[PDB]
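Visitor: mind folding the following:
(2 chains, ligands or ions: 4)
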There are 2 protein chains.
Amino acid sequence: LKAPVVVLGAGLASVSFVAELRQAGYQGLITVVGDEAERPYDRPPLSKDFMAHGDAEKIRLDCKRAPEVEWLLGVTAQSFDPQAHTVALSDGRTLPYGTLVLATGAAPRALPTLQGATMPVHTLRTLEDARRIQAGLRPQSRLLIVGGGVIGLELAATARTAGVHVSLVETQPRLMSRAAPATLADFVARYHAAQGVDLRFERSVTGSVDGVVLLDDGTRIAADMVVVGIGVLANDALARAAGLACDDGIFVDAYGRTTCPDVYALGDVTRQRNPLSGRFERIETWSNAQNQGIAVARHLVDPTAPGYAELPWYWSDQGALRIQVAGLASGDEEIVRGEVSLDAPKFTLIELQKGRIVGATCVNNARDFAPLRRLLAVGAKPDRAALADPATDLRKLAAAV
Amino acid sequence: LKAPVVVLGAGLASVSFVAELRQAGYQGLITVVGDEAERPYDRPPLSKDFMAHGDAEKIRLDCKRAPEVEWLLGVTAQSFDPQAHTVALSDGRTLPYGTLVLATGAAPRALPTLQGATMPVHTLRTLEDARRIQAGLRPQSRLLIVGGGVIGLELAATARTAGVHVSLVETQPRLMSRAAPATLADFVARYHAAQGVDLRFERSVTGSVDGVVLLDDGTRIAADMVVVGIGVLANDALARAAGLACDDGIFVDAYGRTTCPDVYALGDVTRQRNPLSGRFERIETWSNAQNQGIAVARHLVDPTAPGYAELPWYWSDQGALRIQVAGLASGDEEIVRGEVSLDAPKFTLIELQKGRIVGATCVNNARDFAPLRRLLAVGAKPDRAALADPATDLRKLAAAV
Ligand SMILES: Cc1cc2nc3c(=O)[nH]c(=O)nc-3n(C[C@H](O)[C@H](O)[C@H](O)COP(=O)(O)OP(=O)(O)OC[C@H]3O[C@@H](n4cnc5c(N)ncnc54)[C@H](O)[C@@H]3O)c2cc1C
Ligand SMILES: Cc1cc2nc3c(=O)[nH]c(=O)nc-3n(C[C@H](O)[C@H](O)[C@H](O)COP(=O)(O)OP(=O)(O)OC[C@H]3O[C@@H](n4cnc5c(N)ncnc54)[C@H](O)[C@@H]3O)c2cc1C
Ligand SMILES: NC(=O)c1ccc[n+]([C@@H]2O[C@H](COP(=O)([O-])OP(=O)(O)OC[C@H]3O[C@@H](n4cnc5c(N)ncnc54)[C@H](O)[C@@H]3O)[C@@H](O)[C@H]2O)c1
Ligand SMILES: NC(=O)c1ccc[n+]([C@@H]2O[C@H](COP(=O)([O-])OP(=O)(O)OC[C@H]3O[C@@H](n4cnc5c(N)ncnc54)[C@H](O)[C@@H]3O)[C@@H](O)[C@H]2O)c1
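Guide: Numbers count the residues shown, from 1 in each chain, chains lettered A, B, ... in the order given. Ligands and ions are numbered 1, 2, ... in the order given. Shown next is the structure:
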């Protein structure tokens, strides 16, 4: 930890990191360069309460635990020179650094087939995006969402609640193929269908003409707006240019170190080890952004602290469904607690591998989620009959381990 | 480049690196720890001329260009402490380092279904392996090879030449699925079949009983010996333990830097950027081992030298077929020069993407290979009619660019 500290990006990972630096006791210079001209804010509301209620002052991140930080908002870092230990900014200034931290996140992947479209096509990542989408979210309007992932489905639910007609195109035979159990994805598809979402599976957009979207099955979908949610690509251009190991994401170890001395990275821009799979993955969860940012900061201030070690988890709020998912999407067995029904949805899934809990899902069952994460963390191997048994208290079972 | 230099592993990548350090002008200490108690040697002969002729003094690597290097042969590096800058050796000694280089390569992946077998099952990676296999390679014996990759097929050819009956089981519908054009793989399968190799495609070993191998189609193959060639796994255990970013291979940039200050890696143990695909891959070729070792050394001695930048290529000698393959296995088009025939096999493949040469294969046509690699290197976009035309001289075409 060499002063001064410069952080590129002013999202959740950046804020979490700088607050932890200060809290851990680092009092040297911290300068944060953020390309959006926005007080740092949290993104999940953009698909939900913000999209619905429009108040950005309800979604700002609290920078209170990060005192004495200079935030350069509306400035783009253009390059860094890792030999000179400098960063070049879009406003013509240069920042020196002792330690450079890349927290530049990811940007929505564009749909190559809609590139030259002449109807509204938006992605949903920023406050600017949400405002632009929002300004077209009139009741009875026709929305086409491309991509049946977390963001697409969160938007789908919000749009339906607002009285917008929603069609959604997904290339896979299922929703949420990236980070959800099949059982969950099947249920989620049935829920959205029942709420009036027109789901199109195993279909791709081949292009568009005068407000009509064309599909690979040779059919059409007329829409007033297309929102594309087909994933993100890491904002790793500065790292690539400077010679760091990257591949749609900057490779880091559990200390957040890149392959370049004195340059660290954290959050959505990183490819890191998933301790459950033991594979490198871009982990794009809110919890990763916060906890990885905190872990890297903690270890920079105190080298005796452990590396980042948290197991991955996320939530997704989709209308009546409060979904929570931890760990791996599958194992050799799934245990279902509760019935899976559109009538007052409430259930839990537990994924096991060779008797060990490797994943869990809760739908409208937050009570169960925290104990399951504890069981997951220690690689617990509880009685599978007990795990299935409705009489079992998971919080009690977790404590017993 | 801080002295002293310690290299873990004494294979081709290690030898290439240390020779280049000396040639580039580094004269400080170099100590190489090699777990095999063997004068450093080259591995390709082990599936061919060594397997056939048995003279290990014909396969040693020339360490002449690496003067004043201490080679600790028959010693295993057990761990390194990247804070203390020390390496712990199996003989109880500790080495200090200014710069640590991990060149520990890869080890044959074992077949989980043959783990408790009671017939000879060998892998083919070392001189010890080759000698053990060789001592069972009697004419008229029955050899089963598992895996239809480069090593399996090189061994298959050598075994057939020696009068050994050869059956070969492959899980994929094709041979060499990892790094060969389909057109090549199809031809290679026809060649081996014509030489008497009993090929079993889309089959897996489910186990074995008293000298009989069991398959997933529910059938049997009796054999006197099984050689397993189903790929390798990076020898990255020390890196993993020490906190470096690894995932079946140590991630490095074009300078060979790992995520750990003062620790580099090179050769088969590395995951690195393939400049043609722009993706990270474990590149396990002989040419990578040499050229990456040289590039990393060159840049350590002279920081103004460029990073490693070579495009991937390899050869495979399989009986009458002298195969050479460069770049990517496929593009949007393949151009074939010559006819593809078992009657005096001689042909060239050129893979193009958006008109640019992105890959090439030569079978018994070495003359064409070097010019095609030059065309590949500069991303040439020659006239496709000229590329197809038999009257075209590729060496002349390359020079014209
Ligand atoms: C619509 C939406 C809904 C979401 N809902 C959920 C959810 O339900 N569950 C969940 O787990 N997560 C959710 N996420 C939240 C998401 O997980 C976090 O926002 C993300 O993980 C934060 O990661 P980050 O801080 O690394 O990156 P970012 O938030 O992307 O921040 C990086 C910042 O750096 C900026 N930047 C990039 N390059 C430069 C440069 N050169 N110079 C200066 N600045 C630069 C970027 O523009 C960006 O402002 C949602 C996200 C969106 C967009
Ligand atoms: C049978 C066979 C046939 C081949 N034919 C071809 C071919 O046709 N074309 C082609 O391109 N390539 C061929 N290859 C050659 C291959 O590409 C090279 O041998 C390889 O790329 C060399 O890489 P390396 O030096 O990084 O690793 P290695 O050669 O594996 O050397 C690493 C060395 O480090 C040692 N080591 C590992 N851990 C430790 C430790 N902790 N302490 C000390 N020492 C350690 C290993 O045991 C090994 O001796 C073939 C290989 C084999 C085995
Ligand atoms: N578990 C998580 O990783 C998680 C959870 C919540 C939020 N997030 C945030 O959301 C971001 C990604 O959001 P997203 O929902 O856009 O991506 P996503 O990966 O969650 O889903 C994209 C979906 O689009 C589909 N798709 C891909 N190409 C397509 C195409 N051409 N046409 C139609 N469908 C296509 C995929 O199959 C997938 O179902 C992340 O960066 C992260 O910050 C991530
Ligand atoms: N192009 C190259 O990367 C290249 C070229 C020459 C030599 N080499 C050397 O060879 C090593 C790998 O050699 P290899 O031939 O053993 O691996 P390989 O990857 O070349 O081929 C392994 C083959 O086994 C098949 N396979 C995987 N699992 C199987 C299973 N369970 N049952 C049956 N088949 C299975 C794969 O489909 C593949 O065709 C590398 O480390 C490298 O050092 C590499």
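Visitor: and stretch A:233-244, anywhere near ligand 3?
Guide: No - Stretch A:233-244 is not in contact with ligand 3 by Cβ under 6 Å from any ligand atom; minimum separation 8.8 Å. For every residue, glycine as well, the C-beta is placed using N, CA and C.
Visitor: near ligand 3, which residues of the stretch 301-401 of chain A?
Guide: Contact residues, the stretch 301-401 of chain A versus ligand 3 (Cβ under 6 Å from any ligand atom): A:314, A:316.
Visitor: near ligand 1, which residues of the stretch 301-401 of chain A are found?
Guide: A:314, A:315, A:316.
Visitor: okay, and the beta partners of the last one?
Guide: Beta-bridge pairing of residue A:316 under DSSP bridges involves residue A:323.
Visitor: contacts only, for it.
Guide: Residue A:316 makes contact with A:150, A:153, A:154, A:323, A:325, according to Cβ atoms under 8 Å, 6 or more residues apart in numbering or on different chains.
Visitor: tabulate these in a markdown table, adding columns for neighbour count.
Guide: As requested, the contacts of residue A:316 are exported to a markdown table (neighbours: other Cβ atoms under 10 Å in any protein chain shown):
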| residue | neighbour count |
| --- | --- |
| A:150 | 25 |
| A:153 | 31 |
| A:154 | 22 |
| A:323 | 24 |
| A:325 | 26 |
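Visitor: in helices only, show me the residues you listed.
Guide: Residues of the contacts of residue A:316 located in helices (DSSP state H): A:150, A:153, A:154.
Visitor: may I have the phi/psi pair for the residue lying closest to the second one once chain neighbours are set aside?
Guide: Across the structure, with Cβ to Cβ, 6 or more residues apart in numbering or on different chains as the measure, the residue nearest residue A:153 apart from its sequence neighbours is residue A:318 (5.1 Å). Main-chain dihedrals, residue A:318, degrees, to the nearest 10: phi -130, psi 90.
Visitor: and what of residue A:72?
Guide: Torsion angles, degrees, to the nearest 10, at residue A:72: phi -90, psi 90.
Visitor: name the helix or strand for the spatially closest residue to it that is not a sequence neighbour, please.
Guide: Excluding its sequence neighbours, the residue lying closest to residue A:72 (Cβ to Cβ, 6+ apart) is residue A:33, at 4.8 Å. In this structure, residue A:33 sits in strand A:30-34 according to DSSP states H and E.
Visitor: got a list of contacts for that strand?
Guide: A:4-11, A:14, A:18, A:21-22, A:40, A:66, A:68-77, A:87, A:89, A:95.
Visitor: residue of the stretch 301-401 of chain A closest to chain B, please.
Guide: As assessed by Cβ to the nearest Cβ, chain B sits closest to residue A:307 within the stretch 301-401 of chain A, at 6.5 Å.
Visitor: the residue in the stretch 251-400 of chain A positioned nearest to ligand 1: neighbouring residues, count only.
Guide: When scored by Cβ to the nearest ligand atom, the stretch 251-400 of chain A has residue A:267 as its residue closest to ligand 1, at 2.3 Å. Other residues near residue A:267 come to 34 when the count uses other Cβ atoms under 10 Å in any protein chain shown.
Visitor: how about the strand holding residue A:33: buried residues?
Guide: Buried positions in strand A:30-34, judged by neighbour count with 16 or more other Cβ atoms under 10 Å in any protein chain shown: A:30, A:31, A:32, A:33, A:34.
Visitor: what is the closest residue to the third one other than its chain neighbours paired to in the beta sheet?
Guide: Right, the one you point to is residue A:32. Nearest residue to residue A:32, sequence neighbours excluded (Cβ to Cβ, 6+ apart): residue A:7, at 4.6 Å. Going by DSSP bridges, residue A:7 is paired in beta bridges with residue A:32, residue A:101.
Visitor: quick one: residue A:7 and residue A:14 touch, right?
Guide: Yes - using Cβ atoms under 8 Å, residue A:7 makes contact with residue A:14 at a distance of 5.0 Å.
Visitor: do the longest helix anywhere in chain A and chain B meet at all?
Guide: As assigned by DSSP H, the longest helix anywhere in chain A is helix A:286-301. No - for helix A:286-301, no contact with chain B is found by Cβ under 8 Å from any Cβ of the partner chain; the gap never falls below 10.5 Å.
Visitor: what's that helix packed up against?
Guide: On a contact count with 3 or more Cβ pairs under 8 Å, 6 or more residues apart in numbering or on different chains; DSSP states H and E, helix A:286-301 meets helix A:12-24, strand A:313-318.
Visitor: what about residue A:385, helix or strand, and which?
Guide: Using DSSP H and E, residue A:385 maps to helix A:384-388.
Visitor: buried stuff in whichever helix or strand comes after that helix?
Guide: Downstream of helix A:384-388, the next assigned helix or strand under DSSP H and E is helix A:394-400. By 16+ other Cβ under 10 Å, the buried positions in helix A:394-400 come out as A:394, A:397, A:398.
Visitor: and helix A:394-400, C-alpha only, in PDB?
Guide: This file holds the C-alpha atoms of helix A:394-400, laid out as PDB (Å, rounded to 0.1, in the frame of the first residue of the first chain):
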ATOM      1  CA  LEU A 394     -32.500 -24.500   9.100                       C
ATOM      2  CA  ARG A 395     -31.300 -21.800  11.500                       C
ATOM      3  CA  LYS A 396     -31.200 -24.500  14.200                       C
ATOM      4  CA  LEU A 397     -29.500 -27.000  11.900                       C
ATOM      5  CA  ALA A 398     -26.900 -24.400  10.900                       C
ATOM      6  CA  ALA A 399     -26.100 -23.600  14.600                       C
ATOM      7  CA  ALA A 400     -25.800 -27.300  15.400                       C
END
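Visitor: look up how far residue B:254 lies from the residue of chain A found nearest ligand 2.
Guide: Using Cβ to the nearest ligand atom, the closest approach of chain A to ligand 2 is made by residue A:245 at 17.8 Å. Look at residue A:245 and residue B:254: by Cβ to Cβ, to the nearest Å, they are 9 Å apart.
Visitor: what about those two, which has more around it?
Guide: More crowded of residue A:245 and residue B:254, by other Cβ under 10 Å: residue A:245, with 30 against 20.
Visitor: these two touch, right, the more buried one and residue B:255?
Guide: No - judged on Cβ under 8 Å, residue A:245 makes no contact with residue B:255 at a distance of 9.6 Å.
Visitor: spit out the residues that contact these two alike.
Guide: residue A:259.
Visitor: and the contacts of stretch A:184-204?
Guide: A:113, A:148, A:153, A:156-157, A:160, A:165-177, A:180, A:215-217, A:221, A:318-321, A:323, A:325, A:340, A:342, A:345, A:349, A:361, A:363.
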